[PDB]
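Below you will find one chain, with nothing else, as structure tokens; this is the form deposited in one PDB entry, and questions on how it binds or moves follow later.
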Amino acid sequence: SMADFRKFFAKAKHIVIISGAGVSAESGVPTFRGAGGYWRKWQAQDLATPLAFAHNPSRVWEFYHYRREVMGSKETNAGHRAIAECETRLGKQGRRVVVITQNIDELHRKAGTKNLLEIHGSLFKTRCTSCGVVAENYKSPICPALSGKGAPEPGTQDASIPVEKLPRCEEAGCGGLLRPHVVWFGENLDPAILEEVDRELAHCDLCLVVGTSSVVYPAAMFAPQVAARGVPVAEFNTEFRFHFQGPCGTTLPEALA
């Protein structure tokens, strides 16, 4: 019960919050998973791959430029804010709150989350395919050749941008082709991020799963090994161990008050 879960929440000195696509969808974010896993003639699973970027980097850039640009009109919801406010309060008490997420839209960052573990990278981060440098990039568009490009509708002509006119590395004497700093399909997670993650899960005394569940990716990598230690896990979704049904923007302000 919410009443018994708040008994744990008050005693909990290290809370791990696993945030799923649901936390992002509640803010009207095009989650390119399930029914909405489409951008024109293709599936998101067909565009987010090292082979797709190798054959057509311009098409993969048109798709990722679209995703960066849809965020302009998007705001952090009541769930994100409740999560950010919780970490601030408990922080002043010498207690820990950390957010583990595969959402690449930075709405936890805009909310005010500090202990944020983005296991799949960010839309607003680049990586040079040549020198390997990682950089923050919020520039709109990312490059002048992508001005007015990336429309989601099928049939839309391919921008057909030559590699030289695509996003390039601003490091002195590099000029290498940039790629978004996001984990693609068949790509491994950063071992540094997973080390940090496994460290969090090993030290926490309370674990929450929001906008996803322990039976679907990525919570299935983390929440069950937590439950196995006898640490309480509380699931929160639209569908000890707790379950709180409903939109996280409704249930989390109450739970994390």
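Counting begins at 1, following the sequence as shown.
Here the subject shifts to the form deposited with a partner chain bound, a form of this protein not shown in this document.
- Figure note: of the listed segments 153-161, 130-138, 89-97, 183-191, the one touching its partner chain in the entry with it bound, with heavy atoms no more than 4.5 Å away, is 183-191.
- Contact annotation: residue 57 falls outside 4.5 Å of its partner chain in the entry with it bound, judged by heavy atom distances.
- Although the partner is absent here, residue 202 sits far enough away that none of its heavy atoms falls within 4.5 Å of its partner chain in the entry with it bound.
- Proximity of residue 110 to its partner chain in the entry with it bound falls outside the 4.5 Å heavy atom cutoff.
- When its partner chain is considered in the entry with it bound, residue 120 lines it closely, a heavy atom lying within 4.5 Å.
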